[PDB]
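Asks: let me start by giving you these chains from the complex, positioned as in the assembled structure:
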Amino acid sequence: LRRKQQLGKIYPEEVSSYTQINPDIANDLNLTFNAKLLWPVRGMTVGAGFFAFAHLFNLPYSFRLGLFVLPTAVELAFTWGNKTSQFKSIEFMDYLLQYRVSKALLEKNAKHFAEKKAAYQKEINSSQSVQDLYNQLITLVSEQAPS
């Protein structure tokens, strides 16, 4: 609740990025955050499969209803109560909080770094980050330098 209070609303665009680290993060968020109604699609289609077999070698409609409720109930049991999805969503919310904090600083200082950005991009053809390129320079000077 506190972590989600910090992040007022989570947008679908920002979710997909965390699929780089953990897929099915949208599934975890749905399992933990009451975004929508999790209709048991898998259980309903399994029960329909039982309904097809129960309609071939005819079983009573009582058995049809029971074997329709059973897989839906199984999916509901395996869906709700999943508290590991809550930990996955805690990790995602920490990641998204940090991403939003950093992105907020990007817009504040976008005006200031506009002049340097042009020269840096035009004379350094590399999509690698400065935080990553500089550490390569640090270790390169550490290993092979006149010292």
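Replies: Arrived safely. Residues are numbered from 1 along each chain as shown, chains lettered A, B, ... in the order given.
Asks: skipping its backbone neighbours, what lies nearest the residue most central in space within chain A in space?
Replies: The centre of chain A sits closest to residue A:25, judged by C-alpha atoms, centre = their mean, with a distance of 3.0 Å. In space, and not counting its chain neighbours, residue A:25 is closest to residue A:18: 4.9 Å by C-beta to C-beta, 6 or more residues apart in numbering. In short, each C-beta sits where N, CA and C put it, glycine included.
Asks: give the burial count for the one you found, as a bare number.
Replies: 20 (other C-beta atoms under 10 Å).
Asks: isn't it up against residue A:93?
Replies: No: counting by C-beta atoms under 8 Å, residue A:18 does not reach residue A:93; the two are 9.8 Å apart.
Asks: ok now the lengthiest helix in chain A, how far from the chain's centre?
Replies: Using DSSP state H, we find that the single longest helix of chain A is helix A:84-108. The chain centre lies 11 Å from the centre of helix A:84-108; the measure is C-alpha atoms, centre = their mean, to the nearest Å.
Asks: quick one: the helices in chain A?
Replies: Ranges of helices within chain A are A:2-6, A:12-18, A:25-33, A:41-54, A:61-79, A:84-108, A:114-123, A:130-143, based on DSSP H.
Asks: chain B comes next; put it on the structure above:
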Amino acid sequence: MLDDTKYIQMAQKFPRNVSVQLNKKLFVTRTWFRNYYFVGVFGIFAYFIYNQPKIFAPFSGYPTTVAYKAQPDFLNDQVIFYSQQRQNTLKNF
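Replies: This next block brings in chain B, placed alongside the chains you saw above:
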């Protein structure tokens, strides 16, 4: 005591070469009826037993968690994430 002379004679002398074949339809009908009361009712009970501690005590099933620290990359308009591994604990109670 007891008078089980008939039953003792039955135990001593029984047919070793007598058998009756089973009707497979009725056999599988009985077995599937047993499975229906096994699966439904007893899986309700077994899932309650198995998942109640997993609902009211999740921290024991997720021992290790990750924590992120992000920094801007202004020139390329990127975000750089550093990760740390922590013990998933009861934070702030």
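Asks: list the contacts of the residue nearest to the centre of chain A.
Replies: If you count contacts by C-beta atoms under 8 Å, 6 or more residues apart in numbering or on different chains, residue A:25 has them with A:15, A:18, A:19, A:88, A:89, A:92.
Asks: tell me, how many residues neighbour residue A:140?
Replies: Close neighbours of residue A:140, defined as other C-beta atoms under 10 Å in any protein chain shown, add up to 10.
Asks: what about residue B:10, is that helix, strand or coil?
Replies: Here residue B:10 takes the helix state, with states given by DSSP: H, G, I helix; E, B strand; the rest coil.
Asks: make that residue B:81, sorry
Replies: Under three-state DSSP, residue B:81 falls in the strand class.
Asks: thought it was touching residue A:101?
Replies: No: Residue B:81 lies out of contact with residue A:101 (C-beta under 8 Å); the separation is 11.5 Å.
Asks: give me the common contacts of the two.
Replies: Common neighbours of residue B:81 and residue A:101 (C-beta under 8 Å, 6+ apart) are residue B:70.
Asks: show me what contacts residue A:50?
Replies: Residue A:50 neighbours (C-beta under 8 Å, 6+ apart): A:64, A:67, A:68, A:70, A:71.
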